[PDB]
Amino acid sequence: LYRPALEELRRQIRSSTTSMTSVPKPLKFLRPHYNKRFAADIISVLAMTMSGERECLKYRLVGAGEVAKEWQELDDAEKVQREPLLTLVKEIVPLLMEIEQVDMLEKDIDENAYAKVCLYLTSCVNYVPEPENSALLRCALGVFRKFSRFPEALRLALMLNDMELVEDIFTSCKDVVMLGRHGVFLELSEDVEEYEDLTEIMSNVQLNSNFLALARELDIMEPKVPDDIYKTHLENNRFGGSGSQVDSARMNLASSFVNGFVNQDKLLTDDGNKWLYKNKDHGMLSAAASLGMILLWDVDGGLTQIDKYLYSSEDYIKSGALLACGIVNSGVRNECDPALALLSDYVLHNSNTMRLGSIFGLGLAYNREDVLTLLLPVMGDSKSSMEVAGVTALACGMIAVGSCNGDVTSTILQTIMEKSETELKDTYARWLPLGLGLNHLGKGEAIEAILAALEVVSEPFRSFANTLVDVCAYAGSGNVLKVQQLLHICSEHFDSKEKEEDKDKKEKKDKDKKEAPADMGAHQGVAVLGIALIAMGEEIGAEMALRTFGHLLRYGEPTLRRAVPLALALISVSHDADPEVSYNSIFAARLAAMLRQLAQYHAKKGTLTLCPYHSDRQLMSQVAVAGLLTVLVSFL
Amino acid sequence: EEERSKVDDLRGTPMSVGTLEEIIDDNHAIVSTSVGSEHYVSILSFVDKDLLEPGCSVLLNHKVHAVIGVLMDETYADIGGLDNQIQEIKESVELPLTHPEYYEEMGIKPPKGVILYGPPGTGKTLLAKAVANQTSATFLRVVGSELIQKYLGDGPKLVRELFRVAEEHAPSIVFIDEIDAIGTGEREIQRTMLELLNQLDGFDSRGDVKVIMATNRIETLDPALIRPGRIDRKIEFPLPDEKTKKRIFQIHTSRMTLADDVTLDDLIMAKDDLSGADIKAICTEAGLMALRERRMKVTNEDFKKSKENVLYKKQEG
């Protein structure tokens, strides 16, 4: 008669000693009926492991309402028991998670948000794949949209890149009123897509004129430019000294880096004249762009400071002056016409270097189509100069970073067909894949890696383009098959796809930096030692990283001795000048000297900080790239 | 491959282990042995000749002795009762190489360090004083001259190896605990301690690394070890008078689960006196022995029952 008592006793003893599948069957057939010690015993742990193995066996076996009623009964039962971390982290794998979280997120805000979003977001980006992380972003958009703590929803806008989230957080951040600060990290958190979509819907309404006022330009720096002059005070001994030990026609280039990236004081900026005249051509580009790098403020002052170098008697003064006009601002876009209108020369004229500075600085200012139609005869021109298609591919790439599942349109199709047009000057096959992978950025479910594996499969030049698409196609998820595949293809005979494909490690596992150090340095492929040397990164620079710089710092080749101070100074921004004195003990060629002083000035997933160095990984060439070495935008 | 596997004739059967004396700039070094055989031959590969630090054991041969290679061979704010002394050693030995705005303008640089001591000793309180350096520095602690006396009478050459690794590890603080050189052959301890004093004073060095000397009694240091051994600062450790024991036992009870039912005075002063060593031992075997009962609570009879083992251990033999 009372068979639920015998089924309850049978599941009680079978669940008491041992069983893997026979435990939840008397409960799914029993129809459970009929805070205490016994309730916590047979409900909390016995129904926690019971419903855990029932949801696991029924989630991995078949893919009914019984598991929904038992899983919601566990949901309410553990909402009474109030253990969020263990019970939730057990019921992660069984949208069900959406209705579960919105079914639980009623009173506990900081517990489920801070704990569940902390460990479940960290483990969700580390181990959980993407299609469930999208449910984390939508359900977190719901429970975080109905609740407080806007900036974590702004992080949900960093991962979602959606305009309705920033619109709802602008009407909700406007309904509940710091201002300049949330504008600062507002513009820092938003990528290239949602700030132009944000400036177009906020160009439509904006409801206060303060969204077009704030979130256009000059208001991410208007809280920081004056304060930095006020709250900080830099000494003149670095201008006199660091401007005094320069010589050999290359430390003068390091002095163009002094002027360009020295900042408060503007003494070396106006220390007489003839300084730009004594420098070289690419040092005339760097020195002409120095006044643009020091003037990311005061548009009216930038015009009257760069106008002296405009339309001058030399080509590199006005071309580097247009580069300065592209560096001083990113939302003014009023200096376009005087350089955009004269681009049509197509062979050797000034508009090729003014195309370098104007298309590069315009790409830093910018995803408008008109500029791409103007760049169609630029990509179709294929000048002997590399940096034309360099700053063109990088320019349109930085315009196209963060697109909706990428695109395989006639832009990258045109630069791939015209890339394979002539098989000369492999540097094109080294920087064009950079812009390609920049256009591949922002995808969530795109098949562009397989499409590139169908069309681009060819000799190792465009196959190196294919492995570059493999680099930018693995921004990060739970795909450990790419880690075992990384260790499998890591031993390839080709000594460049090792450099880029293995160099992707610092970007794939960038968040969980505990796994980035490995045994890559113990090999004999010193190029892989450089791969780890770059894989250190730009983090706080713990003692383990500097411990790696203690061994990587001592080497004889100029590529590793030149490659060590860049990461050594980017990762560290009686312990600052001491490794530099160690460099003085190692050296006392010119490359490691310009790079060690340039590191002295270096010391003193956003694409803006991931693009310039990943493109800068091709420094092992002539001084032509040195004109682009000082104008990197990754430096905040 | 053949050029790397062709020098096997020199490192083959006719091979020995000698002791090099010094390396001359004329690319021929001088070695020695038990009878002192000096052979100078032009150097070969596989050697460093820079970090080798001549004066150690090297590889020799039965041949003309051409050198084929070489062979190498609880925070500061937790404990109480001495907060002024622990901010004295903190402010004293955390002054060089750290917080440089008030270190280079003065221009003193007394490269000597403080000399610790304590009647309880045992390394627990002294290590609790020297733990201030573990915040931001490389871990390097040469605990006493135990390895000097347990090894063959090689002399101060091991002190020269610890001094060369302390020179290659300048951002460190050499800490010495339980100095049992003269407190516990015997004639070599005076010469290796006099060379420890001469090399410790900075005979051929400057303010690179700090040396903290800790022992069981300040009177164990000979009068020679005073003027060239203490020039920076000296300390004074008072008796714990159940306050250092109260704070250390408070730290031991800040992690374990136990009520106030456990008597403190008879256990911190059970046999004669003890601060943290054997009460830390009965806390370890109290967590393990209390774990044997499948209960996290500390029973009033199991704690003293486990204490009977330590009370009976040092009293029976």
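Here, each number is a calculation from the coordinates, and none is a lab measurement. Reconstructed Cβ throughout: ideal geometry from the backbone, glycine too, with neighbour counts over all protein chains shown.
When A:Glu100 is tested against (1) crowded, with 19+ Cβ neighbours inside 10 Å; (2) more than 28 Å from the chain's Cα centre (by Cα); (3) closer than 22 Å to A:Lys511 by Cα, only condition (3) is not met.
Kindly establish whether B:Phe163 is assigned to a strand (DSSP E or B) and either under 25 Å from B:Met72 (Cβ atoms) or within 14 Å of chain A (Cβ to nearest Cβ) (or both). Answer is no for this residue.
Can you pull out the residues in segment A:359-382 that are part of a loop (DSSP other than H, G, I, E, B) and either closer than 27 Å to A:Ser634 by Cβ or β-branched (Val, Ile, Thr) (or both)?
Answer for segment A:359-382, where residues must be part of a loop (DSSP other than H, G, I, E, B) and either closer than 27 Å to A:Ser634 by Cβ or β-branched (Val, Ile, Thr) (or both): A:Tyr366, A:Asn367, A:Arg368, A:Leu375.
Filtered by the rule that a residue be part of a loop (DSSP other than H, G, I, E, B) and either in contact with a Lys or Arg (Cβ under 9 Å, 6 or more places away or on another chain) or of a type in the set (D, E, K, R) (or both), segment B:287-311 gives B:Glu293, B:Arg294, B:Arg295, B:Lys297, B:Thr299. Quick check, is A:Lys107 outside any helix (DSSP H, G or I) and surrounded by fewer than 17 Cβ atoms within 10 Å (Cβ to Cβ)? Criteria met by A:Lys107. Among the residues of segment A:427-441, none qualifies, meaning not one is of a type in the set (D, E, K, R) and in a loop (DSSP other than H, G, I, E, B).
Conditions (1) surrounded by 16 or more Cβ atoms within 10 Å (Cβ to Cβ); (2) under 35 Å from the mean Cα position of the chain (by Cα), marked per residue:
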residue: A:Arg238; (1), (2): yes, yes
residue: A:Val246; (1), (2): yes, yes
residue: A:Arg250; (1), (2): yes, yes
residue: A:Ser256; (1), (2): yes, yes
residue: A:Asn259; (1), (2): yes, yes
residue: A:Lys266; (1), (2): no, yes
residue: A:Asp271; (1), (2): no, no
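A:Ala475 fulfils the conditions (1) part of a helix (DSSP H, G or I); (2) more than 14 Å from chain B (Cβ to nearest Cβ) except for a single criterion, (1). The listed residues are A:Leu86, A:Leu46, A:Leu27, A:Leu74, and the only one of them that is under 25 Å from A:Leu137 (Cα atoms), of a type in the set (A, V, I, L, M, F, W, C) and buried (at least 16 other Cβ atoms within 10 Å of the Cβ) turns out to be A:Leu74. Here are B:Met213, B:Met193, B:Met256: which of them is in contact with a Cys (Cβ under 8 Å, 6 or more places away or on another chain) and not hydroxyl-bearing (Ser, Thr, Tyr)? The unique qualifying residue is B:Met256. If you go through segment A:442-464 and keep only what is in a helix (DSSP H, G or I) and not aliphatic (A, V, I, L, M), you end up with A:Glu448, A:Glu455, A:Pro460, A:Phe461, A:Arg462, A:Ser463, A:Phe464.
Only one of the numbered conditions (1) touching a helix residue (DSSP H, G or I) at 6+ places or on another chain (Cβ under 6 Å); (2) within 14 Å of chain A (Cβ to nearest Cβ); (3) of a type outside the set (D, E, K, R) is violated by B:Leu116, and that is (2). When segment A:426-472 is limited to residues that are small (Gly, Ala, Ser) and closer than 14 Å to A:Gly397 by Cα, the one that is surrounded by the fewest Cβ atoms within 10 Å (Cβ to Cβ) turns out to be A:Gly442.
Does any residue of segment B:70-81 turn out to be surrounded by 14 or more Cβ atoms within 10 Å (Cβ to Cβ) and under 30 Å from B:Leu152 (Cβ atoms)? The answer is yes, given that some residue of segment B:70-81 is surrounded by 14 or more Cβ atoms within 10 Å (Cβ to Cβ) and under 30 Å from B:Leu152 (Cβ atoms).
Can you list the helices (runs of 4 or more DSSP H) found entirely within segment A:226-286 that contain at least 2 residues being under 25 Å from A:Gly357 (Cα atoms)?
Because the criterion is at least 2 residues that are under 25 Å from A:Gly357 (Cα atoms), the helices (runs of 4 or more DSSP H) in segment A:226-286 that meet it are A:251-260, A:275-278.
In this structure, does A:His551 turn out to be within 14 Å of another protein chain (Cβ to nearest Cβ), surrounded by 12 or more Cβ atoms within 10 Å (Cβ to Cβ) and in a helix (DSSP H, G or I)? Criteria met by A:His551. Checking each residue in segment A:177-200 for being crowded, with 17+ Cβ neighbours inside 10 Å, touching a helix residue (DSSP H, G or I) at 6+ places or on another chain (Cβ under 8 Å) and within 16 Å of A:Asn161 (Cα to Cα) picks out A:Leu186, A:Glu187, A:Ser189, A:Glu190, A:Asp191, A:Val192, A:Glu194, A:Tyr195, A:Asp197, A:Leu198, A:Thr199.
You will find that of A:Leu533, A:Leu598, the residue that is away from every other protein chain (no Cβ under 14 Å), buried (at least 20 other Cβ atoms within 10 Å of the Cβ) and under 30 Å from A:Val328 (Cβ atoms) is A:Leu598 and no other.
With respect to the conditions (1) outside any helix (DSSP H, G or I); (2) closer than 25 Å to B:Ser145 by Cα, B:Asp272 lacks only one, and its number is (2).
Scanning segment B:79-101 for residues that are within 12 Å of chain A (Cβ to nearest Cβ) and not in a loop (DSSP other than H, G, I, E, B) gives B:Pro100, B:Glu101.
Checked against the criterion of being basic (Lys, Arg) and within 14 Å of another protein chain (Cβ to nearest Cβ), the candidates B:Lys124, B:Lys109 yield just one match: B:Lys109.
Residue check: is B:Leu51 loosely packed, with under 14 Cβ neighbours inside 10 Å, more than 14 Å from chain A (Cβ to nearest Cβ) and of a type in the set (A, V, I, L, M)? Criteria not met by B:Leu51. Go through segment A:559-595 and give me each residue that's within 13 Å of chain B (Cβ to nearest Cβ) and not in a helix (DSSP H, G or I). Matches in segment A:559-595: A:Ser574, A:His575, A:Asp576, A:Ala577. The residues in segment A:8-54 that are charged (D, E, K, R), closer than 19 Å to A:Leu74 by Cβ and touching a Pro at 6+ places or on another chain (Cβ under 6 Å) can be counted, and the count is 2.
Total residues in segment B:137-157 satisfying the condition of being closer than 28 Å to B:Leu95 by Cα and away from chain A (no Cβ under 14 Å): the figure is 5. The selection criterion, being under 18 Å from A:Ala516 (Cα atoms) and not hydroxyl-bearing (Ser, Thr, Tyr), holds for A:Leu546.
Would you check if there is a residue in segment A:499-510 being assigned to a helix (DSSP H, G or I), away from chain B (no Cβ under 14 Å), over 25 Å from B:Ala170 (Cα atoms) and touching a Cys at 6+ places or on another chain (Cβ under 6 Å)? Scanning segment A:499-510, I find at least one residue that is assigned to a helix (DSSP H, G or I), away from chain B (no Cβ under 14 Å), over 25 Å from B:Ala170 (Cα atoms) and touching a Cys at 6+ places or on another chain (Cβ under 6 Å), so the answer is yes.
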